[PDB]
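What follows is one chain in structure tokens, specifically the form deposited in one PDB entry.
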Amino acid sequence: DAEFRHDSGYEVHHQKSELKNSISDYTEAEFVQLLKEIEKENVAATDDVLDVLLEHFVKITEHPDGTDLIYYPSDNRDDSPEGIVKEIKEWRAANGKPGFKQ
């Protein structure tokens, strides 16, 4: 017969102002700042805060099969997280699209 209601003032509970619009205005470094940001929040309490990065990544980067790069990486490669930085750098070049930054 438990749990006494209470309150908070952080904003929404755990969240970060960060996301953008397109790799183009992201330096590798902010991509690193972004993705590793799953290393933290994900393992956290809730998955209504993860779907935020999850679906920006999936959006801006396009191919090969979004999340799959984040999640089921590749056996002989980089497993967490500078290989999704790597292997992504490929796609956009063979399929037209511009790249990272300064």
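Residues that one form lacks are left out of the comparison. What we label the rigid core is the largest C-alpha set whose atoms superpose within 1.5 Å from one form to the other. Numbering starts at 1 and runs along the sequence shown.
One more form of this protein exists, namely the form deposited with a partner chain bound; it is left out here, but the text below deals with it.
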Task: Contact test in the deposited complex: residue 50 vs its partner chain, heavy atoms, 4.5 Å - done: yes
Open item on the list: Considering non-hydrogen atoms and a 4.5 Å limit, does its partner chain approach residue 60 in the deposited complex?
Closed with: no
Task: Rigid-core-referenced C-alpha movement of 2 Å or more between this form and the one not shown, selected from 74, 33, 67, 27 - done: 74
Task: Core-referenced shifts between this form and the one not shown - contiguous stretches of at least three, CA at least 2 Å - done: 74 to 77
